[PDB]
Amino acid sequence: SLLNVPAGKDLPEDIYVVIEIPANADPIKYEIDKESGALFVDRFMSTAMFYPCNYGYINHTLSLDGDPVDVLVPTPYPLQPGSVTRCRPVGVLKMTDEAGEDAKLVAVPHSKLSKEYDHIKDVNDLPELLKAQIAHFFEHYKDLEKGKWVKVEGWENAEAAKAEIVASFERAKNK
């Protein structure tokens, strides 16, 4: 059912993000199980931190880590885990962990859901506070997980985010 959600109506400008974790929520790290399509509790986060945006993935995408492309979606109110939001990518936070590079895309609600993010075209239009919060969160959220750590390279633009979407959409397509 979540397994049948499209990657988007018009990828990569117009995508759907399947939400796993709300912004500002308790430290329960939910993940959609690939086989069942169900919402699984993956971990109880150990640090006293919360995701600054809603966090989820684009369906029918395959990152180089073997999981779908991760996305953060700011909204005026937290979303329900398992809900799906139509959005437009505007940027991407690049980083490295105990297993190679990682990226966290950022996408904003689509103009048909709200007009309040229309002026966010690219990564520099986003509030600097929000960006600095996101960066800080990912550097530190796994600090108390044994054998796990993260370090942040920096922020890239919407074109780079779209390229990640496309490469991973094409990579999942090709077996």
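Numbers follow the displayed sequence, beginning with 1.
Looking at mean Cα B-factors across 65-73 and 139-147, the upper value is held by 139-147.
Legend: mean Cα B-factor per stretch from the PDB entry, 106-114 versus 120-128; the higher mean is in 120-128. Of all the options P78, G100, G91, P81, the entry's greatest CA B-factor is assigned to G100. Placement of the Cα temperature factor of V152 within the chain: highest third of the modelled residues, per the deposited record. In the PDB entry, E31 places in the middle third of its chain by CA B-factor.
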